[PDB]
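# Examination of the molecular architecture
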Amino acid sequence: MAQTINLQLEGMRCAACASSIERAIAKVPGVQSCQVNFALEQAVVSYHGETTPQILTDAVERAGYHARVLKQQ
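Residues numbered from 1 in each chain as written, not as in the entry; some residues may be left out. Heavy atoms only, no water.

### Quick word on the sheet that holds strand β2 (residues 31–36)
- In spatial order, the strands read β2-β3-β1-β4; together these 4 strands make up an open sheet with antiparallel pairing. Either end of the sheet is taken by a strand with one partner, and the two such strands are β2 and β4 (66–68). Neighbour-to-neighbour, the strand axes of this sheet turn through a mean angle of 35°, independent of strand direction.
- As judged from the 5 bridges shared by β2 and strand β3 (residues 42–47), these two strands associate in the antiparallel manner. Bridge pairing links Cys 34 to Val 45 in β3. (Pairing = 2+ DSSP bridges. Helix = DSSP H or I, 4+ residues; strand = E, 2+ residues; numbered from the N terminus. Axes fitted to C-alpha atoms, helices over the stretch in contact; angles between N-to-C directions.)

Written out as structure tokens, the structure is:
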């Protein structure tokens, strides 16, 4: 459903590897909004159809980069 994960994006440092995440996730059937900040390390994406797949993570691994929680709270 519309269910947007906001998180920090780890190992990030160079190349097209940032927005090449968003442009790959644009093929996920549950994609309804993507944004990444290649200066303050966040992504925000809702990308979940019928369910939440591990493809949520795979589409960061494809960049050389890892998914982590942003947090205090």
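After that view, the rundown keeps rolling.
### Comments concerning the nonpolar core
- Counting residues in each nonpolar core, the largest one holds 14 residues, and the members touching the most others are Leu 9, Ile 21, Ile 25, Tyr 47, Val 60 and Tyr 65.
- Those elements that place two or more of their residues in this core are β1 (5–10), α1 (19–25), β3 and α2 (55–61).
- The residues touching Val 60, leaving out its near neighbours within four places in the chain, are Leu 9, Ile 21, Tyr 65, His 66 and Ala 67. (Core = buried A, V, L, I, M, F, W, Y, C linked by side-chain atoms within 4.5 Å. Buried < 20%, exposed > 50% of the residue type's maximum accessible area, 1.4 Å probe, protein only. Contact = heavy atoms within 4.5 Å.)

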